[PDB]
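For reference, the structure discussed in these notes is given below.
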Amino acid sequence: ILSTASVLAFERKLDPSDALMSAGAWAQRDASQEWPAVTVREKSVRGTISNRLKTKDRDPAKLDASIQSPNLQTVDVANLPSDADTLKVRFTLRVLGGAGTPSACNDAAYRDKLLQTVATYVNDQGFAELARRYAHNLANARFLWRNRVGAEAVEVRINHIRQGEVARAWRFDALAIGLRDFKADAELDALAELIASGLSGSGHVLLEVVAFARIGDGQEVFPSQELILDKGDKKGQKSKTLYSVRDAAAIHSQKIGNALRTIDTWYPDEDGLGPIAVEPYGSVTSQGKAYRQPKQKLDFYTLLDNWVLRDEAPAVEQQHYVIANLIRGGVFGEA
Amino acid sequence: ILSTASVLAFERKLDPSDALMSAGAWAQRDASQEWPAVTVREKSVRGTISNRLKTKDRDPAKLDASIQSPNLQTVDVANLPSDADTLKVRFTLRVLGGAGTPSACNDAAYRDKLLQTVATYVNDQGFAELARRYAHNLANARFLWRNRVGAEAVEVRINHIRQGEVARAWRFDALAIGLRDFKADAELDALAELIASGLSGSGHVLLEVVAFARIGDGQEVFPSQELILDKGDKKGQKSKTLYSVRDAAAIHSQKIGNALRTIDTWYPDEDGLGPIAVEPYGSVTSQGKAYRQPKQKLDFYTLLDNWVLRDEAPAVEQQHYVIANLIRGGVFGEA
Amino acid sequence: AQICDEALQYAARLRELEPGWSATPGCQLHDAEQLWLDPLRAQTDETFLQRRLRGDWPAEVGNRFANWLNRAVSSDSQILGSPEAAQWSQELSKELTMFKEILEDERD
Amino acid sequence: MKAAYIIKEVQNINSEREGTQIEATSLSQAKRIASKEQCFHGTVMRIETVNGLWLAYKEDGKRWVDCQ
């Protein structure tokens, strides 16, 4: 009958690292190995009340009583130094391969059917579209999340690191490549073939991804945000805490992993909204919406359950989405 | 009539230690004594829901309501530093010997018969297959559990330690020695004769095992994972904690011991899966299957009661498995 | 109602029983409370914290107390999806308004 | 009357697995169901509610210790 397995757990392929951010001046980007890092420091803010009022606190006297007592915070802020106009975000990406084999699975027959399914996928078409889109998201600095939006010129340098050194170096213009269009290119095709040789299981791939961004002298960079324990008074409240590894600001690795997964152009809504990150029930949390709802038959779970159990292979875009979900990893399976 | 004993307890031979992990740069593995340890630190994640809904939560509005309020966690993470690409897992292994003598037994006559049976096995064929397979599990870095699966180059260094210093040192390439074949070598048989002398009781053996892994600059290493108290909220949840002895990540000793016991290729199902760990009702919990079911006559207990009580000696593969179980330890006997 | 009455009486005997709210300082006392230390910050400090309590009117403790009450409801999706969540939040807001307005007039 | 109970059979008194769920009339009925569904020898049963509150446990060879 071949029911689905109780547990399933796919390892995260495309492992990134915690993206360290240092700073320096442009036109000396080639000597950017001894650049000093962007340190997270603190400053205090004083805010007025600004949010909406729920029809009871709309009294004028109570409003002026609220604006007579402002809140005090101590936020973490991270800025470039005053004599540097380039942010250098450095992380390494490791492509593993063996995307079809799960780590944990109960049903042996489901394991064989799933391995056979992924084998027919990779035999009919290799990791060519998926690696092209992953190389695109490496090329345009989308992992620079909000450090990209005001940038004058973004340059991404990708080094394939062999035994102790670089074997093949790339260089890109991340503003020439749009954030919503997957075109074809000369260097991007070689990068997609390298990531294809990684994902297929035919070699060891370790890329070092370095991204420079002209932001300006002493502007604000945006490392990832830690949550606070909420233990103290509301004057030293410590409202915002920024991530840092060792006296150096950093983006979380799962944020880089979410940024590289924005390849899903094949969701049933309008494509003018751009590609989204590959997730089951493909949902952007910024826009609060869940494309590929289970009412439509285009989420990950019904597509996989039709492809594996009853052999209903979808179109090539939906199975591109499914293999991108298997590359993404996760815990799948019911109770 | 020689009924089996009510209590039986076999102490654990092959005592490993907790495997401390530290980090450094490759091509100076010979200076790897002052290498700084890998520190477990904390980071905070968000999550969109990615589990299989139970058809009642498949409303669109309920799904959007769930993805508007995401779960906030804190997780422990362990990473290499951003200037090092080698993970050094270091532990000592002590092999005791005296594999047949139980540490508790009511029946004296059963104890004499069991010691006679074990001495018969030792006289007919000493600990030569088992020490070969334990030397293979020490040779390939199988105790590097998930720090091995994406590694570029793994090198294992084993030192036999006499009165204050090394007496005979080995050096293996852990990726040439595969995880599934027990071939022969010129150094592996020397290590196998050393472990054979240890398990027989004719010598003292204390191996210091070091394993280096080429993972990458600042990737994610995987120390062993503790369990959680879970008395707090769901926002400061602390959903995953890692083991660390003294500001230094480490793997548990029994996980290293489970890796070293992975020698069993004699289970009656498919040997295309490779070796598993020697357990009674020989089971792998990642795959959730129980090889050596008691329906067939191939678990530990029926083999032991047929070999000891009514003198039905099984084949040499099954008694290899049974003596590997006695080296593993345990409490056996009914109530 | 009985919950907020016992909370108010607990505050009353804790604030008027001993000087233990003003016994030893530190870094963590959840000192945004200022309700369990009513005469503890005014009877000795007449200018330092007395203006910090009369002008602030420290009454934000009801929100943290409400968040303490929201653990008492079972966090189930079924009781969240039905109108029982709205009815429950309605009665908590009513009795929280009562707790707020009684906490408010502490300076007289 | 048809109350739901959780039956865990674990190694010592303080070890946690998942246990199967039954539905029984009384706790003395669940003590009788759980003693039938004991797979191994040296294990310790325990009876739970669905939220985690204890009802009773029983080591092997001894009788039912009853806390809540």
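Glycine gets a Cβ as well: all are built from the backbone with ideal geometry, and neighbour counts include every protein chain shown. The values are calculated or read from the model by the stated rules, or taken from the named source; no laboratory instrument gave them.
The condition (being exposed (fewer than 15 other Cβ atoms within 10 Å of the Cβ), in contact (Cβ under 8 Å) with a residue 12 or more places away in the chain and of a type outside the set (G, A, S)) is satisfied by just one residue among A:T55, A:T48, A:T4: A:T48. Condition check: of a type in the set (K, R) and surrounded by 14 or more Cβ atoms within 10 Å (Cβ to Cβ). Does A:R171 satisfy that? Criteria not met by A:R171. For segment B:314-323, check the following and say yes or no: at least one residue is part of a loop (DSSP other than H, G, I, E, B), free of Cβ contacts under 8 Å to residues at least 60 places away in the same chain and outside the structural domain of B:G257 (by CATH). Yes: one or more hits. Of all residues in segment A:212-229, none satisfies being farther than 28 Å from A:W26 by Cβ, in contact with a helix residue (DSSP H, G or I) (Cβ under 7 Å, 6 or more places away or on another chain) and away from chain B (no Cβ under 14 Å). In summary, strands (runs of 3 or more DSSP E) completely within chain D and bearing 2 or more residues that are of a type in the set (A, V, I, L, M, F, W, C) and more than 29 Å from B:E226 (Cβ to Cβ) occur at D:3-10, D:20-24. All conditions but one from (1) within 21 Å of A:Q219 (Cβ to Cβ); (2) loosely packed, with under 14 Cβ neighbours inside 10 Å; (3) of a type outside the set (G, A, S) apply to A:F143; the one that does not is (2). Filtered by the rule that a residue be part of a loop (DSSP other than H, G, I, E, B), touching a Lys or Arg at 6+ places or on another chain (Cβ under 8 Å) and either within 25 Å of B:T92 (Cα to Cα) or in contact (Cβ under 8 Å) with a residue 40 or more places away in the chain (or both), segment B:208-246 gives B:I215, B:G216, B:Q219, B:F222, B:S224. Kindly indicate whether any position in segment B:135-148 is more than 14 Å from every other protein chain (Cβ to nearest Cβ), aromatic (F, W, Y), under 18 Å from the mean Cα position of the chain (by Cα) and not in a helix (DSSP H, G or I). For segment B:135-148, residues more than 14 Å from every other protein chain (Cβ to nearest Cβ), aromatic (F, W, Y), under 18 Å from the mean Cα position of the chain (by Cα) and not in a helix (DSSP H, G or I): present. When the residues of segment B:83-115 are filtered to those that are surrounded by fewer than 20 Cβ atoms within 10 Å (Cβ to Cβ) and of a type in the set (S, T, N, Q), the one that is nearest to B:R146 (Cα to Cα) is B:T92. The residue of segment A:271-301 that is nearest to the chain's Cα centre (by Cα), among those that are more than 10 Å from chain B (Cβ to nearest Cβ) and not in a loop (DSSP other than H, G, I, E, B), is A:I276.
What number of residues within segment B:255-281 are in contact (Cβ under 8 Å) with a residue 24 or more places away in the chain and not hydrophobic (A, V, I, L, M, F, W, C)?
Here is the first cut: in segment B:255-281, the residues in contact (Cβ under 8 Å) with a residue 24 or more places away in the chain are B:255-257, B:259-268, B:274-275, B:278-280.
From what is left, the residues that are not hydrophobic (A, V, I, L, M, F, W, C) are B:255, B:257, B:261-262, B:264-265, B:267-268, B:274-275, B:279-280.
Qualifying residue count for the region: 12.
Only a single criterion out of (1) over 25 Å from A:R29 (Cβ atoms); (2) touching a residue at least 60 places away in the same chain (Cβ under 8 Å); (3) assigned to a helix (DSSP H, G or I) is not satisfied by A:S202, namely (3).
Would you please name the residue that is farthest from A:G333 (Cα to Cα), looking only at residues in segment B:58-76 that are in contact (Cβ under 8 Å) with a residue 24 or more places away in the chain and facing chain A (nearest Cβ under 8 Å)? Going through the qualifying residues, I end up with B:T74.
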